[PDB]
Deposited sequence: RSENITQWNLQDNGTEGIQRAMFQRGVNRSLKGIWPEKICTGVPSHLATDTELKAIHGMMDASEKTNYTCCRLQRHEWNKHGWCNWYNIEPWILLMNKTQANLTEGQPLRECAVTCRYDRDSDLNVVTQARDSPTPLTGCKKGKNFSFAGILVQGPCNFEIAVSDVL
């Protein structure tokens, strides 16, 4: 039921995707998304110490040199607190997921079509199929180097 999305490395994409490439990171968790978007004041303000426990998840913000915790805190604030109620379960889930991603079903979400390699370079992916964005029709996909015929590797 919850969408799990992550960034993939790409030198061609400015931001976390280039940062991940430069650092040899292939997958960095974006979020775990239930249907409900949290609006208003969080039940608990997430601490950098609590967020840094999501080992492997690089921050999407340059203002922390793609480390922690703007994006991590964004996730807690936007999709976290109103669905999990307490930071502990959320931290434990976010962490296990990132770890699974770090340690090796992945559908493309957004591509950057590279003309020099005739490839749909996957910049964001998820655990379920989704309408693609910026993916050229009929071209192969590159999921952090892995070449796949379809938009999903399953």
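- What the model leaves out of the deposited chain are the segments 1 to 2, 107 to 109, 160 to 167.
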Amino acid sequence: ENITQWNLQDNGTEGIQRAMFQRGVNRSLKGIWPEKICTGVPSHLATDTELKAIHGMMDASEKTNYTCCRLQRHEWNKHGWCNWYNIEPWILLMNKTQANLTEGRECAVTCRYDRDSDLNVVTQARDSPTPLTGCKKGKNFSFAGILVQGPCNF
From here on, numbers count along this sequence of modelled residues.
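- Averaged over CA atoms, B-factors in the entry run higher in 112 to 120 than in the other of 56 to 64 and 112 to 120.
- Looking at 65 to 73 and 123 to 131 together, the entry lists the larger mean B-factor for 123 to 131, computed on C-alpha atoms.
- The residue among 87, 45, 107, 94 whose C-alpha carries the highest B-factor in the deposited model is 107.
- Compared with the other modelled residues of the chain, the Cα B-factor recorded for residue 29 ranks in the lowest third.
- The deposited CA B-factor of residue 39 belongs to the highest third of values across its chain.
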